[PDB]
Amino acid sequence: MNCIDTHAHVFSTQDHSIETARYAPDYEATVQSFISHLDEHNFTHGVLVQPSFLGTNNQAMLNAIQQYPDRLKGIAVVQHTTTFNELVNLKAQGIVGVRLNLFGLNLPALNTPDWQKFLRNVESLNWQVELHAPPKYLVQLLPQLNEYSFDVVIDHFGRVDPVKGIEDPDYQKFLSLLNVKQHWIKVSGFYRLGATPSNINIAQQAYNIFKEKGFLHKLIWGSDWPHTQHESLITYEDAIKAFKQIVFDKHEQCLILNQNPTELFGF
């Protein structure tokens, strides 16, 4: 559990891309290729996350985990009406949380009884809840999630608005809602924050803020390989490189790459 990449996706063109997909990549993103990047950089572990365009069919990810059960865990996407038993079954296959990827979608109501039931189940399973969502959505979600004992994990610096930036009131509210006892932030995907070299500075500011708020041990990193819709501009090496720019101090790199994700994912 020395060195952990907590955000990548595998998929193939053989996999079914759902009818309403925002996009549909036209290439192979194999476990093989992914484990190959981990090896090339001394990463001991990685976390596969279910992609938006693959809906609630978690099979590609499930198969990849099984091949490298000692190095990989997963975050699934499921209907909130999935039964406890089914969830227990995913848990048995190395799935350790579920993801609310709400880009291009409506903000669901989490208070409703059916949502509460799902969520109480996730809580029981010691699973985490991962969010990928705009600050205007996060400001809405955290308050509801405050009511459960699970870890809440926020994707890609909390997806700071490309335009409104750090001072975006929604981002400011989001920051204030963070609780050191529950929330974790991924310092991945700086390149989804805008174009270069701006987006790295945004990433750097967000990081500093996290630091001052007291959240250093709540921070984890991900390559966000294979960098969908950014393939021309971003390699694994580019991901690694920006991280070291954002997180210059190597003691902090150790916490972020090693202790923090070890503790969260219990690798």
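Quick note: we count residues from 1 along the sequence shown, nothing fancier.
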Taking the mean of the C-alpha B-factors per stretch from the entry, tell me the winner out of 191 to 199 and 89 to 97.
-> 191 to 199
Looking at the deposited entry, does 121 to 129 or 106 to 114 carry the larger mean Cα B-factor?
-> 106 to 114
Can you tell me which of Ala76, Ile166, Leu177, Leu145 has the highest Cα temperature factor in the record?
-> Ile166
Give the position of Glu28 by CA B-factor within its chain, expressed as the lowest, middle or highest third.
-> highest
Relative to the other modelled residues of the same chain, rank the CA B-factor of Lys218 and answer lowest, middle or highest third.
-> lowest
Consider only the C-alpha atoms of the modelled residues in this chain, order them by B-factor as the entry records it, and name the third containing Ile65: lowest, middle or highest.
-> highest
Modelled-residue ranking by C-alpha temperature factor, third containing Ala8 = lowest
Please place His227 in the lowest, middle or highest third of its chain by C-alpha B factor as given in the entry.
-> lowest
